[PDB]
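In the block that follows, a single chain appears as structure tokens, in the form deposited in one PDB entry.
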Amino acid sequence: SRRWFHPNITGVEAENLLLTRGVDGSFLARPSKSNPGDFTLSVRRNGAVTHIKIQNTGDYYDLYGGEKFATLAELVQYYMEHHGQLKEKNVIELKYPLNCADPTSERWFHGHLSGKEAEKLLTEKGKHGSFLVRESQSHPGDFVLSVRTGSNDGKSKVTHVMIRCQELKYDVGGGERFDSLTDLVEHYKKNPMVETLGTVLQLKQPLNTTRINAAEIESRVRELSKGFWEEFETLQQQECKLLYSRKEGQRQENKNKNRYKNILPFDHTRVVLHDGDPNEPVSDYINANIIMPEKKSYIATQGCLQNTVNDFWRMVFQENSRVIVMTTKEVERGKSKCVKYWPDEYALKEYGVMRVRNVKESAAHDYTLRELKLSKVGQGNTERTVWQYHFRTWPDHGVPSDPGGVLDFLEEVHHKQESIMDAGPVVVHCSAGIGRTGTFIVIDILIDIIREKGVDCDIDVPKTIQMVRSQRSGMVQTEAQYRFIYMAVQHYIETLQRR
């Protein structure tokens, strides 16, 4: 549960840790933090340590000599159930996570902070059970837990519990001593402290530090620009809560419908296909999830494979989708990212029981718009227009350094969807359907709030990303994409304050 991730460990410290505190099968993961989107899996085996690279340029975690994964937590779960499935070039067993005591990626850790300022944040932002952990000021090396309990009529109060750090363990001046503030905090989360006159110091939710008023996005972005990385990693720590089942995707009958064997749709939000061919063993599966913002909904999906094109059009038809956003070229760096599932301009093709006419293509600077007509074969009166917005100039790796083109594209996709009465969800796809796809959907959700509520409204970027990540694994892949979400919204609000 993400304790195996050390966000501030050096390579030599990684080896030291595993040789002195670990055994054969011990492992941890770490950021190789001079080229963001590089990580290392460090693993003890035969009394030596081996370092395995994981690369993420924005579409998935690619473990050298292993598989592609939507999240580091999913990667670790996979190998901890599969001994012998990971091997070097000439097996490498992940057995025993080596736990990090670093508190820096916990939402509840504010580190740098004073008591009166911690009180004012809880007074303004906190509710009953809202808490944080801060460094002491009055006692170098110690920490303080501040908690809100109970109009400022005095019905609520803040309590400050001193946390002693003695000889590499933490305690509250009595009882158990813990190896980390996480362990302390987890324990008193489940076994709350009670003051002698009976107030239960329940730790219910950390204090929100991420929610901003969209009016002042420039201020946050400039503050995050000195940071974005610490906020992103805090968000990634919470991915361990999102290991929901994906058993439909793992079915042998569904294996060849997944572009990447281990990047699979959550059962609870998967798109279920009805009206399928009897003779097919399983005909209800596609690697797609419904994303509902928590109104315009989305389907996040992978690029079609040659054998899933028919399924893709079953899905568009059944869900009544009228707009498709394609975020990759068909081919990038010489590999297929999405097969061509639409006809050439003016042509008409049948895709199993579905029929598609390419009525007109219109080329813009950064994208092409294809006006497609979709109908079920043999059934007149089923025809509807589906608008495919195919963005063409996104970089092979990384993100654009200016969001002006994505924003223009997004505005036009939004206007098209809104113009169609009763349209169903907007289909959004890239290679695996998690990185680019996730990034586009999140920017679209945040920006819709500002479309409806105006510039003086509350947004919360990592809260929105967690909500969409509970509906499809690993939505928004990299810190680069996370920063891009911030820069896009900013660029949106800056053009709005203008006109």
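Throughout, rigid core stands for the largest set of C-alpha atoms superposing within 1.5 Å between the two forms. Numbers for residues come from their place in the sequence shown, where the first is 1.
**Student:** Which is farther from the shown form in 5 other deposited structures of this protein in C-alpha RMS with the core fitted, 36-44 or 469-477?
**Tutor:** Looking at 469-477 versus 36-44 in 5 other deposited structures of this protein, the farther one turns out to be 36-44.
**Student:** Name the stretch that deviates more in 5 other deposited structures of this protein: 238-246, or 282-290? Use RMS CA distance to the shown form, core superposed.
**Tutor:** Stretch with the higher C-alpha RMS distance in 5 other deposited structures of this protein: 282-290.
**Student:** Checking the other entries of this protein that model its neighbours, is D153 missing in at least a third?
**Tutor:** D153: unmodelled in a third or more of the comparison entries.
**Student:** Is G115 without coordinates in at least a third of the other compared PDB entries of this protein that model the residues flanking it?
**Tutor:** Comparison shows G115 dropped in at least a third of the other entries.
**Student:** Can you tell me how many deposited residues have no coordinates between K226 and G227? The categories are none, 1 to 3, 4 to 9, and 10 or more.
**Tutor:** The entry has 10 or more unmodelled residues between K226 and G227.
**Student:** Please figure out whether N90 and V91 are truly consecutive in the deposited sequence or have unmodelled residues between them, and give none, 1 to 3, 4 to 9, or 10 or more.
**Tutor:** The entry has a short gap there, with 1 to 3 residues left out between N90 and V91.
**Student:** Between 49-57 and 452-460, which has the higher average C-alpha B-factor in the PDB entry?
**Tutor:** In the deposited entry, the stretch with the higher C-alpha B-factor mean is 452-460.
**Student:** Taking the mean of the C-alpha B-factors per stretch from the entry, tell me the winner out of 10-18 and 484-492.
**Tutor:** According to the entry, 10-18 carries the higher average C-alpha B-factor.
**Student:** Please work out which residue in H139, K241, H274, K416 has the highest C-alpha B-factor recorded for this crystal structure.
**Tutor:** Spelled out: the listed residue with the top C-alpha B-factor is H139.
**Student:** Out of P293, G150, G398, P425, whose C-alpha atom has the biggest B factor in the entry?
**Tutor:** So the option with the highest C-alpha B-factor is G150.
**Student:** Taking the values exactly as deposited, rank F143 by C-alpha B-factor within its chain and report the matching third: lowest, middle or highest.
**Tutor:** It falls in the top third of the chain.
**Student:** Where does the C-alpha B-factor of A363 rank in its chain, lowest, middle or highest third?
**Tutor:** CA B-factor rank for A363: middle third.
**Student:** Please say which third, lowest, middle or highest, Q466 falls into when its CA temperature factor is compared across its chain.
**Tutor:** As the PDB entry reports it, the C-alpha B-factor of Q466 lands in the lowest third of its chain.
**Student:** Sorting the chain's CA B-factors, does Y389 end up in the lowest, middle or highest third?
**Tutor:** Answer is lowest: the recorded C-alpha B-factor places it there.
**Student:** Using the temperature factors of the C-alpha atoms in this entry, rank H110 within its chain: lowest, middle or highest third.
**Tutor:** Answer is highest: the recorded C-alpha B-factor places it there.
Omitted here: the form deposited with a small molecule bound. The next part is about that form.
**Student:** Heavy atom to heavy atom, is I290 within 4.5 Å of the small molecule in the deposited complex?
**Tutor:** Looking in the deposited complex, residue contacts with the small molecule do not include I290, since no heavy atom lies within 4.5 Å.
**Student:** Hey, in the deposited complex, is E231 touching the small molecule, heavy atoms inside 4.5 Å?
**Tutor:** Contact check for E231: yes, within 4.5 Å of the small molecule in the deposited complex.
**Student:** Closest heavy atom of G111 to the small molecule in the deposited complex, within 4.5 Å or not?
**Tutor:** Yes, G111 sits close enough to the small molecule in the deposited complex that at least one of its heavy atoms falls within 4.5 Å.
**Student:** Does any heavy atom of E361 come within 4.5 Å of a heavy atom of the small molecule in the deposited complex?
**Tutor:** Answer no; every heavy atom of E361 is more than 4.5 Å from the small molecule in the deposited complex.
**Student:** Out of 190-198, 418-426, 139-147, 209-217, where are the residues with a heavy atom within 4.5 Å of the small molecule in the deposited complex?
**Tutor:** Heavy-atom contact with the partner occurs in 209-217.
**Student:** Could you spot which one of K169, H128, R107, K349 gets a heavy atom to within 4.5 Å of the small molecule in the deposited complex?
**Tutor:** Here the answer is residue option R107.
**Student:** Could you check which residue among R451, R45, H51, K463 gets a heavy atom within 4.5 Å of the small molecule in the deposited complex?
**Tutor:** Exactly one listed residue reaches within 4.5 Å, namely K463.
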